[PDB]
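Residue strings, one per chain:
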Amino acid sequence: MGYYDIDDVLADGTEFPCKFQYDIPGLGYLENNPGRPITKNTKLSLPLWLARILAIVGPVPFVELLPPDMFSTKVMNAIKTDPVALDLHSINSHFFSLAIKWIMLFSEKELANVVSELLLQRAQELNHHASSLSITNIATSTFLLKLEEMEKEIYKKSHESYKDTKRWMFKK
Amino acid sequence: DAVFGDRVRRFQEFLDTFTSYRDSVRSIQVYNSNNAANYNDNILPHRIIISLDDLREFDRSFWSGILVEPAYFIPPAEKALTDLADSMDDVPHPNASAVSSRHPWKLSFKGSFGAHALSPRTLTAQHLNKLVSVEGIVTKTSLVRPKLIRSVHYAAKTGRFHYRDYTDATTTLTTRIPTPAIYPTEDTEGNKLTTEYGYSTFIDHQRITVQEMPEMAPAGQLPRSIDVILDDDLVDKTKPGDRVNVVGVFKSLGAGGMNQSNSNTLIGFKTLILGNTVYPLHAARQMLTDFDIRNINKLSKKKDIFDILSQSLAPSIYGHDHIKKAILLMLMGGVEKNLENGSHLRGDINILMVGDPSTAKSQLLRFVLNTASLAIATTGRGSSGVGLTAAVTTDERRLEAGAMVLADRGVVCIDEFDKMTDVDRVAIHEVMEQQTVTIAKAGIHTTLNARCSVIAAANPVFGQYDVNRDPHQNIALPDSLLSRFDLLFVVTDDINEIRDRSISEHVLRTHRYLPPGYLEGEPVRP
Amino acid sequence: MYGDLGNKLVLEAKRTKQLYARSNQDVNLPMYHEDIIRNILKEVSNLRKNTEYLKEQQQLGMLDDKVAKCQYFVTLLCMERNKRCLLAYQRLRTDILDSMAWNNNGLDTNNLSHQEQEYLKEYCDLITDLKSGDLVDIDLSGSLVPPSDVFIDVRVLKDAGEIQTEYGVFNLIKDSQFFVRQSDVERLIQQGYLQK
Amino acid sequence: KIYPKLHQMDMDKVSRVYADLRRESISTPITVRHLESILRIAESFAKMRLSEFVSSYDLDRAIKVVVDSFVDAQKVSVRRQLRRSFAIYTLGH
Amino acid sequence: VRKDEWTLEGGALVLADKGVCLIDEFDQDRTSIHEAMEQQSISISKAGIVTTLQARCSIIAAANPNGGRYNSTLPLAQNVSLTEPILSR
Amino acid sequence: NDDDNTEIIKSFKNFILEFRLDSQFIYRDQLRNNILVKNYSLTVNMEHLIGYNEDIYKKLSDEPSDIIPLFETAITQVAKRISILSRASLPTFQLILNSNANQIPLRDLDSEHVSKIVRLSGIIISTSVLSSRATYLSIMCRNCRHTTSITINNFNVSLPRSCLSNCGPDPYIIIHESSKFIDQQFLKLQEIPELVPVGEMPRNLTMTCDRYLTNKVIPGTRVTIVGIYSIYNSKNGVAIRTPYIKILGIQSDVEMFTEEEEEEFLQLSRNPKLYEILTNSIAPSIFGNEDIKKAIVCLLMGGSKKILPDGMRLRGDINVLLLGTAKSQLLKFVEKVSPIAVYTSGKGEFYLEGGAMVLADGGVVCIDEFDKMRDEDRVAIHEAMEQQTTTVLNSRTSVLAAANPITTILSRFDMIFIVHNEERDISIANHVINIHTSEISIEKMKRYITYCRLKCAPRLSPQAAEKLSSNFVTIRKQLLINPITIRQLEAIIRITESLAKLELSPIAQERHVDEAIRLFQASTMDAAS
Amino acid sequence: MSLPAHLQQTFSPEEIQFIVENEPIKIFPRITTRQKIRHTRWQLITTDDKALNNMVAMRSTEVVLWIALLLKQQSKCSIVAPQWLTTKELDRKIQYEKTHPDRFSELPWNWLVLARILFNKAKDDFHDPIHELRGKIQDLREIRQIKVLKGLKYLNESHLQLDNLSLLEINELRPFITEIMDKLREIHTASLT
DNA sequence: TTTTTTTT
Ligand SMILES: Nc1ncnc2c1ncn2[C@@H]1O[C@H](COP(=O)(O)OP(=O)(O)O)[C@@H](O)[C@H]1O
Ligand SMILES: [Mg+2]
Ligand SMILES: [Zn+2]
């Protein structure tokens, strides 16, 4: 990821459920109440960019990352059952990149395997759609709608490549 | 055949993989056995909900076969389940009927259907012969009804029993030669038979119409609906107007015009969903966990917890703390005694406030409605005396159930009750007082439970309650009805600059509320 | 939270990036969100004041080892997050400005911040410095499309009068067509006078 | 066969006449529907004499007829005042 | 709408196609005229089939003022019961 | 015979695999793409087929019922050849046609057109629900148990009566499980209103579509259709057979914001007098009525609806009351420009629902005269608007009240309003003359308003909060020394939200409060009348 | 920025064209530049000049493709069809493809682009019926695309082996394949501690 | 449609 990567910044903006392991004062503003002091075991969802570092530092870290819904057992079950049908966009805009960030934060091999599967399976149909140039179908429309931001970007790129190929090839 | 037995043993292996299924089966078997033991005077049905994901993981091939070709996988699966149960089951001293019962074990699935998940409108012929699930609201629930499946017959003069089973499209996923549906009258040898009812086995057949969700219903389109053949335990698991998701095998039937007798042959085959399991969708009944019960117990330890709970109610609304407490008690209701002689002792509370326009009394009733477990919302003009209590309907002529009949053990609320027609008010009198409704119109004498709690709202006779004038002057309702009714809360507006500013700030902060996820300019969706 | 304003700013940056990319033709960049930047800067200044007061309290030693540790670290992290957001937005605008410079300037000032306008002017100066001197023989600002066609027929889209050429003169007369080598009139085509 | 053609030059006088009628309605209620009725009945006048071009006389008869149909309103209230106001618009020529 | 089978039939107002619709004795008829006068067409959703029938026909009306001898006092509209929209159209 | 059918199939295969224009096998590519999206169906232009060879087109016209299935089989074979590697299944493909030739009016259709590929158009009046059609069947013989199957087409068969390896009169039976079926709809079409002869009932006719042609349109939609004039022996006259049409193809006569739209809306916001431009833009023909224009803007913009954690919701739909045809034109314009609206001045297969007002949701609901409107009594509107509400009205729409002729419903409605320039009257007369013989487009306001209400959600600023509190308490105290209650305060707050939403400010401003109270007073002064 | 985004990580079809024209090709000159032992000269730089100044009418020779096209735009040159561009050759390649579904045929790395160019500006030279050649090329394209999809089915982090895939197809599929490989590698690496 | 208690 690039320090000036828009998508990276936006993904880092996304917050995750977390819980404190210390009762720090003068931090209630995190709870939108600067007057109040943070308490130990305080279940708070925090920005990824922040939550990450807070998890790193602390030994007992100052905060714990709770298992987010996007990586809930239900989510993996749905992924394994049917990757394509899954509306990754609904569960999150930047699900993939954030999953990679999670795996980097915690080396969760099974999660990586599931993500790799999902990626390949959905990429197959993404390529099918992008190649099916119209000489906006509803099927590819819904596939796009379920498409994630990164998936959307790659689809746009591939579709443009195919469009240029056709344009230069069929036409002078 | 060979594939069928192979699938049977494969599902046996699957069951072995997750003892939880076998553990639940044993719990069912032991539970029913102990129920039968010492019956001073319900039995768990032989059915299991196997997690679909478990199958997908243990053997993706079998899982896919089930989802796509249920007619060829579910049968052997349930066969294996029944065999495992029986072998594992003790089945001690089974009754003669139990011997002939052959009561098998059914299967069911939970969640993770993916594409197979659908909706009545989104259903498609392609899905035919594939296990699928859909969601909708139940309508036109057909009545329960028995259905012959076996015709146990005793061969008199020979001392023997010759049973015959019966086939139907609904009964069996796979297509089979239809049974003649004729009771064996005489033995194939020639000895006359006798229909040994009871020993012969029957099943409960039900038909229901689940329609697409009106919320999902596209504009200018009548919501499509599909029928589900509920059977056995599945029968009577719902009723009309029940938003529910069901799982079944979407199946085709009939000749669809293909029959020679058909002349036009411009018709299509009939289709149905042999529901295997039904999942009711309240979105009701609240749920509790031991941790929550302990929290409640500790909370009761708090002294003024009554006050805390009352304040928790209508937090948006301000100033009616006493009315909030009254609503709290009402929701708690009280004890309704009923003497052995038969006398009925109302234990329910009724709450009503005469208030100025925009007093939020209507808003307060709205809050009580939504928070209530089971409530009935209506209004003076919008309500009808028969519509509120009951209306004799031509249907044999039946009796339509009014609001009071609905939510009989729940609560009810009325807006602008003062505006209610006095005839319907005297209609209410009996409902509320006797806690029951009786109708003898159209030559139909009837009596109905009517113990639902009632919380009306009204504006004074003069719009603004004149404290100078008598409450009787300010109240159009007869004192009998008032005395009939429980708790009169006269709420009056006042220009108390301090109080006016208090509520102004309250409402301003209310409008300033922020969804934690959302921000400024982001439209939604002590 | 402090990061909310940066999130809004980066959302605007993403929107403008998609604006430029989706539109095949070059699009003038949107207005600089001076208000949002000023608000974020005010937040940063407030965080600076908070850090200074936190150091003061550390000299007071009010549970500094843990409380001041955490508070200082979180303040620094929020400030860094805001820094990154502002940097990303500004860099995206800078890159689009560079694209504009290369595309046309080598060949909407109000929307640009005065710093942005100065930077764009400097970038144009730099480009003209590059194409001037060594490597001048090739026109870096020239089209990146390969010159497949030696000769192209062209119809003057907009009349502009006669124009000069190394060895000729072209009379730009509305609805008049010319058959001339592509290279000679490529600049005019880029200027929109010439069609096809 | 007959499809009257409205006389724009005359329709200017029609405009100012309708404005006068509006003023008097404010004095004591005309509508654009009245203008359209005047136009339609002028066309009908043209048709009765097989005129595919509406003439000023068609418009004069239309004005008189529509003004009368307005007069039928409010007899004892204003009939006399309306009569005095429109004696030239409806009967004057 | 009646079985032919299942079929609809038009109405007298519809039957009037550029033809004067003589009528008098001025309910449902009133709203039918309303829709007719506003636009010379007849909308209908009978049997859940929304559609319109362009009458495009002239109309002629007659009646007794307020069901009695005309009254010079009170305006013509007051001398009748027709809604002002009806009168204007 | 079968050889000739194979020859026709080969000819169509050659047409598909060879028909090329310029340098593109348009049909080959189209088939490949349609397969790529799993849309197993091809569309063919008749002109193209004629160009390839007139003979095939003519043969098709002669016997469409049989030729078409052969063409679909050819399509299937070509699809298999191009999408699945040979020596290394697909369903029958739907064939779609487009003649684009001279039409035939619905009424004109008669015996002459029987079995002929017809080309026509109309407006679809109704749409049935899809039904099963057995493309393929699995068939068991009842006694000897001989397996077999049938492949049926949706053109021009019945279960065989003979054993085919006495066994019985019809020993065969259907195995629904192995059998395969498709979807089939039924649509009814009426002649174009124009096409209707003088003072004649509009003729009507019924069709059937299947495969991908299913669910392609909705009732009340003008469309042009191509199909074979067909007749079926309805079970419902001697030698009289019911005529229908098999839909070969459909074309729609009538047939979200991009970067440009959002940019335009942003620039509109950049404008300082944008609100003033709007007010100038609503019903320009209705000169004056400035407060009316302002209230129209507010109502069109709605308000920041909020749901409290306790659950109780804050309404966002403002409701305005107005008090001849001037207001009628105003409401007509409002509904025209409104993204969604319901205009009605009070005049207003076994299924029943709520009244017309119930069906209205979102958008707006306008009524020219409440003083005239009394259907279902006021109380229905009282509930439907105050509460936004088996018999529950789950609708949420702003109500634009208006009544030229002269309480509780006034307490319900948020704003209240009423309503000589002779020169504008002259101008209007001249406009009528011409037709008989800032500025912003209605569509532009529609898009802008919907975009804003979709994206914005203003919030009262704290300073605005104190201003509102002080203003309300001061008004009430002034009333005391001389009624404004929480209803009016909520109305003012929602007006302020509407103003901020116009400015797209995520937060409000005391400017919005000032303007909102100014407007609300206008309702107050009218309320005085 | 000095390079448009669409050019950032690939070549547009036009660049593919250009690189193709950089190649030589058989041609039959209709002019005789070769001056007899008994004058304007080319004198090129990026390519040979010896041949150009020795053109002899109806004498086969090689020239860089773009020069050949320049002359062909005039009547003064004729472009000799490459041998692989022959009905026999195309049929043989098709049969090989059907014989070896796993593997691609050994077509010239620039077969698609070269064929398109010749078809557009060399229809006359082609001895075989041009329509048949276009059709066979299209069929080869279809088969190769199908095999491309089959190979995509096995996309993996480790590596890929396109083998005989043509340059045009490679440029067509560059972005998708590269991006997918990048994401997969990112995921797997993140899994690594 | 017409006649018809009965309820709404
Ligand atoms: N004391 C109060 N606290 C909070 N809100 C109030 C209060 N009094 C009035 N309101 C507001 O006034 C609005 C209108 O009240 P409403 O339910 O119409 O009163 P009523 O039923 O007396 O007409 C409600 O939305 C409510 O929020
Ligand atoms: Mg109320
Ligand atoms: Zn047989």
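A word on the packing of helix α6 (residues 109-131) of chain A against helix α6 (residues 167-191) of chain G. Look at α6(A) against α6(G): their axes get within 9 Å of each other, and the N-to-C directions meet at 170°. Here α6(A) lies roughly antiparallel to α6(G), going by the angle between them. Residues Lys109(A), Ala112(A), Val115(A), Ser116(A), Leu119(A), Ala123(A) and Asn127(A) of α6(A) form the contact with α6(G), whose participating residues are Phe176(G), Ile180(G), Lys183(G), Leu184(G), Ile187(G) and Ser191(G).

All names here are of chain B. Strand β2 (residues 106-110) sits mainly inside the fold: four of its five residues count as buried. For strand β1 (residues 47-51) and β2, the ladder comprises five bridges, and the chain directions are parallel. Across the sheet, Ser 51 pairs through a bridge with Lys 110, a residue of β2.

Listed as interface residues are seven residues of chain D and, on the opposing side, nine residues of chain E. Taken over both partners, the interface formed by chain D and chain E buries close to 640 Å², and the fraction arising from carbon and sulfur atoms is 54%. Considering only the side of chain D, the residues that lose the most area to chain E are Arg33(D), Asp72(D) and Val76(D), jointly responsible for 59% of the buried surface there. Between chain D and chain E we count zero salt bridges in total. Put simply, chain D and chain E have zero residue pairs in polar contact between them. A per-class count over the side of chain D that touches chain E returns two nonpolar, two polar and three charged.

This part is about the coordination of the zinc ion (ligand 3). All names here are of chain F. On the protein side, the zinc ion (ligand 3) has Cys 141 (SG), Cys 144 (SG), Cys 163 (SG) and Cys 167 (SG) as donor atoms, found 2.3 Å from it. Because the angles between the four donor atoms bound to the zinc ion (ligand 3) fall within 97 to 122°, the donor set is best described as tetrahedral. Given a relative accessible area of 1%, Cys 141 falls into the buried group. Assessed through its relative accessible area of 19%, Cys 167 is described here as buried.

Our focus in this paragraph is the site of ligand 1. For ligand 1, the set of nearby residues contains 15 residues, the closest of which are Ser358(B), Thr359(B), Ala360(B), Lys361(B) and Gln363(B). Mapping the residues near ligand 1 onto chains gives chains B and F. Note that a nitrogen atom of ligand 1 is positioned 2.7 Å from one of the backbone N or O atoms of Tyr318(B). Here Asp356(B) contributes a backbone N or O atom positioned 2.6 Å from an oxygen atom of ligand 1. Here ligand 1 loses 90% of its free accessible area of 570 Å² to cover by the protein chains. For the shell around ligand 1, the secondary-structure elements that each account for two or more residues are α10 (361-371) of chain B together with α16 (486-503) of chain F. Taken together, the residues of the shell around ligand 1 sort by class into five nonpolar, five polar and five charged.

All names here are of chain B. For strand β13 (residues 270-280), the buried fraction is high: eight of the eleven residues fall into the buried class. Bridging between strand β12 (residues 243-253) and β13 involves ten bridges; their strand directions are antiparallel. Bridging from a neighbouring strand, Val 247 pairs with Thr 277 of β13.

All names here are of chain B. Split by domain assignment, chain B resolves into domain 1 (1-116), domain 2 (117-146 + 204-283) and domain 3 (147-203). Between domain 1 and domain 3, the C-alpha centre-to-centre distance is 26 Å. With eight residues of domain 1 in contact, the opposing surface of domain 3 contributes seven residues. For the side of domain 1 that touches domain 3, the secondary structure elements donating two or more residues are α5 (70-88) and α6 (96-101). Looking at which element gives the most residues to the side of domain 1 that touches domain 3, the answer is α5, with four residues. For the side of domain 1 that touches domain 3, a count of residues per class yields four nonpolar, three polar and one charged.

Our focus in this paragraph is a negative patch on the surface. Negative charge collects at one region of the surface, where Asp2(F), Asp3(F), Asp4(F) and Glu7(F) lie side by side. Tracing the sequence through the fold places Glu7(F) in helix α1 (residues 2-18).

Taken residue by residue, the interface counts 80 residues in chain F and 58 residues in chain B. With both sides pooled, the region where chain F packs onto chain B buries about 6100 Å², and carbon together with sulfur makes up 59% of that total. On the surface where chain F and chain B come into contact, there are one salt bridge. Between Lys477(F) and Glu497(B) there is a salt bridge; the shortest N-O distance is 2.9 Å. Here chain F is connected to chain B by 27 residue pairs in polar contact. Listed by contribution, the elements that provide at least two residues to the side of chain F that touches chain B are β4 (131-141), β7 (180-190), β11 (306-307), β12 (313-314), α11 (377-386), α14 (442-455), α15 (462-481) and α16 of chain F. No other element matches the eleven residues that α15(F) contributes to the side of chain F that touches chain B. Tallied by class, residues from the side of chain F that touches chain B come to 41 nonpolar, 18 polar and 21 charged.

Rules behind the numbers
Residues numbered from 1 in each chain as written, not as in the entry; some residues may be left out. Chains lettered and ligands numbered in written order. Part of a larger assembly, values for the part shown. Heavy atoms only, no water. Residues with missing side-chain atoms left out of burial classes, pairs and counts. Axes fitted to C-alpha atoms, helices over the stretch in contact; angles between N-to-C directions. Helix = DSSP H or I, 4+ residues; strand = E, 2+ residues; numbered from the N terminus. Parallel < 35°, antiparallel > 145°, perpendicular 65-115°, else oblique. Contact = heavy atoms within 4.5 Å. Buried < 20%, exposed > 50% of the residue type's maximum accessible area, 1.4 Å probe, protein only. Pairing = 2+ DSSP bridges. Buried area = accessible area lost by both parts, 1.4 Å probe. Salt bridge = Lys/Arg side-chain N within 4 Å of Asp/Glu carboxyl O. Polar contact = N/O pair within 3.5 Å; in protein donor to acceptor, adjacent residues only side chain to side chain. Nonpolar A, V, L, I, M, F, W, Y, C, P; charged D, E, K, R; others polar. Donors = N, O, S within 2.8 Å, 3.2 Å for Na, K, Ca; no water. Tetrahedral: all angles 85-135°; square planar, octahedral: opposite > 155°, others 65-115°. Near = heavy atom within 4 Å. Areas by Shrake-Rupley, 256 points an atom, 1.4 Å probe, with all protein chains shown as cover. Domains from an automatic or database assignment. Patch = residues over 30% accessible without salt bridge, like charges linked within 9 Å, V, L, I, M, F, W, Y side chains within 5 Å. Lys, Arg positive; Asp, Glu negative; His and termini not counted. Charge placed at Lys NZ, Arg CZ, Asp CG, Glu CD.

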